[PDB]
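Protein chains in written order, with the authors' numbering: chain B, 40 to 317; chain A, 40 to 320; chain C, 41 to 315. Where a beta carbon is used, it is the ideal one built from N, C-alpha and C, also for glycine. Take a look at the structure below.
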Amino acid sequence: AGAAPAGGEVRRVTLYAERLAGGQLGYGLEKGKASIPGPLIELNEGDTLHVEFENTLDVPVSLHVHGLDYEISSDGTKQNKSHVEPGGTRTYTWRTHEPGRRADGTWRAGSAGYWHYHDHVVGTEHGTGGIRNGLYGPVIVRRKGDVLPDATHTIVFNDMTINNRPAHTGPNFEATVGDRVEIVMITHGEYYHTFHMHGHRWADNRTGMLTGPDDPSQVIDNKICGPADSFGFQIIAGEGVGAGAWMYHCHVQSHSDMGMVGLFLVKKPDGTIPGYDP
Amino acid sequence: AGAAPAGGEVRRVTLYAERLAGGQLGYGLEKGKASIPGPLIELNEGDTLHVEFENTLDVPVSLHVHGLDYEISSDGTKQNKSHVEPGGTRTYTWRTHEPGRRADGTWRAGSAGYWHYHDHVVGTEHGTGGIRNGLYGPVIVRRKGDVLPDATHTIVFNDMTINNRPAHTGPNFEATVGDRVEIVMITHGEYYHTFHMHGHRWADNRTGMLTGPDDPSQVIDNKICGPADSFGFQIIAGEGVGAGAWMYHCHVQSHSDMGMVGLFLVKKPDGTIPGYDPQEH
Amino acid sequence: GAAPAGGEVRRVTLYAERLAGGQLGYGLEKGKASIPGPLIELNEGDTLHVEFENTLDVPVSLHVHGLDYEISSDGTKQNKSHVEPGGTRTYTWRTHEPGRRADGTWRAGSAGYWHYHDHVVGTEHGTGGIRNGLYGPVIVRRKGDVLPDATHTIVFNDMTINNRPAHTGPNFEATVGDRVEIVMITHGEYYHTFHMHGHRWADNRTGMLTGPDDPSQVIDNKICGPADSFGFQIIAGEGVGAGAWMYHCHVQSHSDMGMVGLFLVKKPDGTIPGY
Ligand SMILES: [Cu+2]
Ligand SMILES: [Cu+2]
Ligand SMILES: [Cu+2]
Ligand SMILES: [Cu+2]
Ligand SMILES: [Cu+2]
Ligand SMILES: [Cu+2]
Numbered sequence: 040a041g042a043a044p045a046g047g048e049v050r051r052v053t054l055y056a057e058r059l060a061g062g063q064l065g066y067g068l069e070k071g072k073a074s075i076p077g078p079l080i081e082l083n084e085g086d087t088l089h090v091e092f093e094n095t096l097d098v099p100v101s102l103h104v105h106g107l108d109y110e111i112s113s114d115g116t117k118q119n120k121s122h123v124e125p126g127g128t129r130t131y132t133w134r135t136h137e138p139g140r141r142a143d144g145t146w147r148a149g150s151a152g153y154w155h156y157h158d159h160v161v162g163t164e165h166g167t168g169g170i171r172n173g174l175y176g177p178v179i180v181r182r183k184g185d186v187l188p189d190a191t192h193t194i195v196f197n198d199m200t201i202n203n204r205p206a207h208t209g210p211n212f213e214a215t216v217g218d219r220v221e222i223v224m225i226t227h228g229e230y231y232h233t234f235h236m237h238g239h240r241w242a243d244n245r246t247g248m249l250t251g252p253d254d255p256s257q258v259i260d261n262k263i264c265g266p267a268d269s270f271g272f273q274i275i276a277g278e279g280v281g282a283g284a285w286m287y288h289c290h291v292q293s294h295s296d297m298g299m300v301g302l303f304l305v306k307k308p309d310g311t312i313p314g315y316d317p
Numbered sequence: 040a041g042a043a044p045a046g047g048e049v050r051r052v053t054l055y056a057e058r059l060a061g062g063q064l065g066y067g068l069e070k071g072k073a074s075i076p077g078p079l080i081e082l083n084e085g086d087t088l089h090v091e092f093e094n095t096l097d098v099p100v101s102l103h104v105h106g107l108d109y110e111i112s113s114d115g116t117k118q119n120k121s122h123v124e125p126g127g128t129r130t131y132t133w134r135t136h137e138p139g140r141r142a143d144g145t146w147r148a149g150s151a152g153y154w155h156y157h158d159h160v161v162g163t164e165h166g167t168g169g170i171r172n173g174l175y176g177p178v179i180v181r182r183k184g185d186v187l188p189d190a191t192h193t194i195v196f197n198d199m200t201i202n203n204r205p206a207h208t209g210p211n212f213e214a215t216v217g218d219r220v221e222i223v224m225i226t227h228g229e230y231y232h233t234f235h236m237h238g239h240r241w242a243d244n245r246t247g248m249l250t251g252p253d254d255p256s257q258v259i260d261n262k263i264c265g266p267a268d269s270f271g272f273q274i275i276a277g278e279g280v281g282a283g284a285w286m287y288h289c290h291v292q293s294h295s296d297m298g299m300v301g302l303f304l305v306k307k308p309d310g311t312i313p314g315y316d317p318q319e320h
Numbered sequence: 041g042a043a044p045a046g047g048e049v050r051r052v053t054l055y056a057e058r059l060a061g062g063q064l065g066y067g068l069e070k071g072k073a074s075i076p077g078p079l080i081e082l083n084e085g086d087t088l089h090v091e092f093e094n095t096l097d098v099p100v101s102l103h104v105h106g107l108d109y110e111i112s113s114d115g116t117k118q119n120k121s122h123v124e125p126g127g128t129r130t131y132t133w134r135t136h137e138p139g140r141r142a143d144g145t146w147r148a149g150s151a152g153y154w155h156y157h158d159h160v161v162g163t164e165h166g167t168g169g170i171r172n173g174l175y176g177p178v179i180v181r182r183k184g185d186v187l188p189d190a191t192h193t194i195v196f197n198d199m200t201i202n203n204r205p206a207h208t209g210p211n212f213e214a215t216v217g218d219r220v221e222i223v224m225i226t227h228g229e230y231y232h233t234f235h236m237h238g239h240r241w242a243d244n245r246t247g248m249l250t251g252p253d254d255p256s257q258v259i260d261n262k263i264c265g266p267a268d269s270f271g272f273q274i275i276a277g278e279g280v281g282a283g284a285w286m287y288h289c290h291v292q293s294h295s296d297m298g299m300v301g302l303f304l305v306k307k308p309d310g311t312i313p314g315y
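Pasting the structure below:
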């Protein structure tokens with residue numbers, strides 16, 4: 040299993056806010072390439088990221104990040120004049136640090152974790168309209184030595200939608216039996232939810248996997264989440280269970296009935312899925 | 040009351056889905072003995088359990104389990120043709136595994152924990168109708184060496200009820216001061232809840248007991264929980280607090296007001312509970 | 041510095057009184073009830089006798105989370121430990137250190153972030169009391185726990201913070217470098233998500249990792265429901281510098297309707313950039 044290296048170099052990215060089909064709004068790495076969720080940003084602890092951001096909408100937009108260090112000027116709020124006028128640009132700077140023993144003997148928590156970014160000014164001064172229309176995306180900050188996945192998939196419970204999609208339209212994610220699959224799970228909007236995965240489980244801790252025999256973290260397959268919660272994990276696809284179309288869904292009963300459901304399609308090495316209809 | 044043995048046996052059990060009185064639906068180990076919650080299934084990591092399931096109802100029913108290992112054919116979903124027709128029988132197979140180091144050097148989590156089973160197919164294709172009406176039950180998978188309890192009690196916040204009971208009708212559970220009591224706590228339905236126990240606290244971790252002095256898990260007496268959450272803990276009945284009628288309730292204020300309350304009745308060795316008058320409760 | 045080993049028998053007087061316009065509160069002296077009520081701080085092993093007095097015209101009580109108490113200090117009508125109007129009562133709370141039981145398992149100590157509230161005003165679960173402000177924080181410290189420069193209590197009570205009007209904070213001040221303690225309690229009817237701009241904490245007992253072996257998730261956003269309590273300590277402006285740092289419920293209509301405040305972090309000269 041490939042691991043993350045130590046971090047600490049300055050990076051840059053260009054990010055644009057654009058209007059998408061049906062009045063949805065999204066972030067993209069290039070003009071014309073916006074998505075919901077936004078592009079996945081991956082940093083190692085210690086790295087810095089200057090985000091060259093341009094607003095192409097007819098309303099102000101901003102960029103607010105969870106978990107990472109940033110000055111008040113990268114708050115992404117109107118109150119710290121951190122928002123971007125229509126047609127305007129701005130460079131947001133995010134930083135990350137490693138953990139270590141402080142001067143006072145206490146242990147400073149590193150930046151590592153599953154985080155996210157989103158608008159803070161569309162609709163209201165807390166980004167309610169921005170978030171609803173799709174201005175959010177994931178951010179992973181890794182620790183030196185963190186196991187790397189074969190693939191990462193972002194699942195956002197945005198009010199009563201998954202990734203702003205129409206009810207009962209997934210998304211579905213494919214893997215092969217044995218694949219190390221990373222899930223980033225973010226919630227937004229007004230409602231609480233409970234994320235459930237069939238056939239798989241993870242540890243309720245930073246990485247989603249137990250550090251070893253001495254980790255007392257609960258092993259779960261179901262987790263309550265509220266607006267702006269983020270967590271993540273890695274699983275071995277089909278480990279001890281085999282290939283199949285493995286449901287994931289919100290477990291709030293009316294939410295699953297109304298379409299907060301998707302499929303984690305785990306294929307056999309020949310690419311087929313036993314007992315499934317494609 | 041001892042320690043869990045290392046698992047590994049092939050077990051078999053017979054499980055039935057049945058109509059109870061008042062339009063409720065339950066699982067039981069024998070016809071005429073269905074209950075809400077269903078029977079407590081208990082396993083040691085490594086055990087294989089073949090659930091010989093019989094659906095005596097006149098609509099399809101299923102059995103979906105959390106946490107344990109199953110092949111997709113024991114998904115218990117219509118979507119994977121794992122439901123049981125009216126009057127039919129089907130063998131569901133659940134497996135469990137010990138933790139251990141993988142070839143890539145990572146640590147694989149074991150099956151141990153507080154889990155549950157429930158219907159996935161009555162009323163809707165997520166079992167909303169079957170869950171609402173009582174088709175759920177607890178599963179405990181023990182890690183080798185886990186401390187065994189003197190008693191285990193299952194408390195299910197199902198919608199606005201506890202174990203599908205009428206408002207303000209318990210259940211109540213009895214212990215003696217010093218008894219090691221295990222609580223399995225499961226939530227189902229539409230609503231978030233907060234589970235609170237007067238006079239007692241636990242660790243927010245796999246077993247509900249701190250591993251030792253190095254375990255940083257929060258110690259709590261109030262825990263938010265949502266549909267399909269399961270957790271558990273073991274407490275020493277009356278430890279440091281004595282005998283009494285110790286309330287457990289949902290702490291969402293209108294929920295307690297409208298019936299989501301019960302009693303942990305902890306008795307002295309002589310079997311008394313001083314001051315306890317059920318007319319005051 | 042750091043918290044000592046506990047074991048004092050301490051006492052405190054507590055009054056329940058009416059405040060302006062329907063509000064009810066606990067106070068250390070009459071005419072000085074606050075919302076939330078006064079902070080109570082103890083060391084594991086400490087015993088506390090609360091000499092309580094009810095100045096209200098209806099029964100009131102005092103129920104506490106987490107601490108040891110015998111049944112007679114439950115603070116419930118059901119078990120006959122409520123206080124009649126104009127009455128008095130002594131409620132006793134005990135705390136204990138961690139240690140190994142006779143049966144060989146580890147008994148969790150009392151240390152943690154806790155709270156106390158009414159259990160009999162309005163309903164026999166204190167629904168009317170909690171609604172109007174009868175709640176307060178309790179911290180029980182473990183020997184060696186690091187002590188903070190300041191402690192601030194934030195209660196999400198239904199759609200208010202600390203029963204204050206919408207969009208009125210509260211706001212709290214600090215200096216860059218300060219070790220700041222937050223106590224976060226929830227009451228009432230709604231779930232919430234507590235968010236802090238510019239800072240993070242560990243989701244464990246103290247809010248800070250014990251060392252490098254601590255696998256607790258590090259977070260800046262936490263879901264909470266009625267009667268949940270937690271707390272943490274942060275070094276103000278650590279790696280982020282000074283400014284008006286927002287905290288709020290992240291449920292979107294809740295922030296929009298005014299569950300917001302400012303963690304005002306001043307530079308050593310006492311000024312806040314952008315403010
Ligand atoms: Cu949901
Ligand atoms: Cu946010
Ligand atoms: Cu409830
Ligand atoms: Cu389920
Ligand atoms: Cu809120
Ligand atoms: Cu309470």
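For residue i, report the span of its beta strand (DSSP E) as first-last.
| i | result |
| --- | --- |
| A:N83 | 80-83 |
| A:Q273 | 269-275 |
| C:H235 | 232-236 |
| A:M224 | 219-227 |
| C:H192 | 190-197 |
What residues from chain B crowd round residue i, counting only those whose CB sits closer than 8 Å?
| i | result |
| --- | --- |
| C:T250 | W146 |
| C:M286 | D114, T116, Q118 |
Does the beta-carbon of residue i, which I'm using as the reference point, lie nearer than 7 Å to any heavy atom of ligand 4?
| i | result |
| --- | --- |
| A:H105 | yes |
| A:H122 | no |
Pull up the distance between the alpha-carbon of residue i and that of residue j, whole angstroms please.
| i | j | result |
| --- | --- | --- |
| B:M299 | B:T200 | 6 Å |
| C:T191 | B:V104 | 26 Å |
| B:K117 | A:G176 | 50 Å |
| A:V258 | A:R182 | 22 Å |
| B:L59 | B:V160 | 18 Å |
| C:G46 | C:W133 | 14 Å |
| C:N83 | C:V180 | 5 Å |
| B:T208 | B:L302 | 10 Å |
| C:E69 | C:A206 | 28 Å |
Within the continuous alpha helix (DSSP H) that includes residue i, where are the two ends?
| i | result |
| --- | --- |
| A:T167 | 167-172 |
| A:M286 | Run containing A:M286: none in the alpha helix (DSSP H); it sits in the beta strand (DSSP E), 283-289. |
Thinking C-alpha only, which one of the options is nearest residue i?
| i | options | result |
| --- | --- | --- |
| C:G41 | C:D243, C:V186, C:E229, C:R134 | C:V186 |
| B:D309 | B:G126, B:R51, B:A214, B:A267 | B:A214 |
| A:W146 | A:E137, A:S74, A:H288, A:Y153 | A:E137 |
| A:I194 | A:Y153, A:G166, A:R219 | A:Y153 |
| A:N261 | A:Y287, A:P252, A:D316, A:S113 | A:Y287 |
Give me the chain B residues within the contact set of residue i, using Cβ-Cβ distance strictly less than 7 Å, ordered along the chain.
| i | result |
| --- | --- |
| C:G271 | None at all; the shortest Cβ gap to chain B is about 15 Å. |
Following a CB-centred definition, is residue i positioned closer than 7 Å to any heavy atom of ligand 3?
| i | result |
| --- | --- |
| B:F234 | no |
| A:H294 | yes |
If you measure from the CB of residue i, is any heavy atom of ligand 5 nearer than 7 Å?
| i | result |
| --- | --- |
| C:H207 | no |
| C:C289 | yes |
| C:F196 | yes |
I want to verify the contact list: residues of chain C whose CB lies under 9 Å from the CB of residue i, in sequence order.
| i | result |
| --- | --- |
| residue 30 of chain B | The structure shown does not extend to residue 30 of chain B, since chain B is modelled only from 40 through 317, so no value can be given for it. |
Interface residues of chain C around residue i at Cβ under 8 Å?
| i | result |
| --- | --- |
| B:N244 | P255, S256, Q257 |
| A:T233 | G265, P266, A267, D268 |
Since residue i meets chain A, which of its residues come closer than 9 Å, beta carbon to beta carbon?
| i | result |
| --- | --- |
| residue 366 of chain C | What the structure shows of chain C is the stretch from 41 to 315, and residue 366 of chain C is not part of that stretch, so it cannot be assessed. |
Going along chain A in order, which residues have a C-beta closer than 8 Å to the C-beta of residue i?
| i | result |
| --- | --- |
| C:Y109 | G238, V280 |
By the criterion of Cβ-Cβ separation under 9 Å, what are the contact partners of residue i in chain B?
| i | result |
| --- | --- |
| A:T87 | Within chain B, no residue comes near A:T87; the closest Cβ sits about 12 Å away, beyond 9 Å. |
Does ligand 1 have even one heavy atom less than 7 Å from the beta-carbon of residue i?
| i | result |
| --- | --- |
| B:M224 | no |
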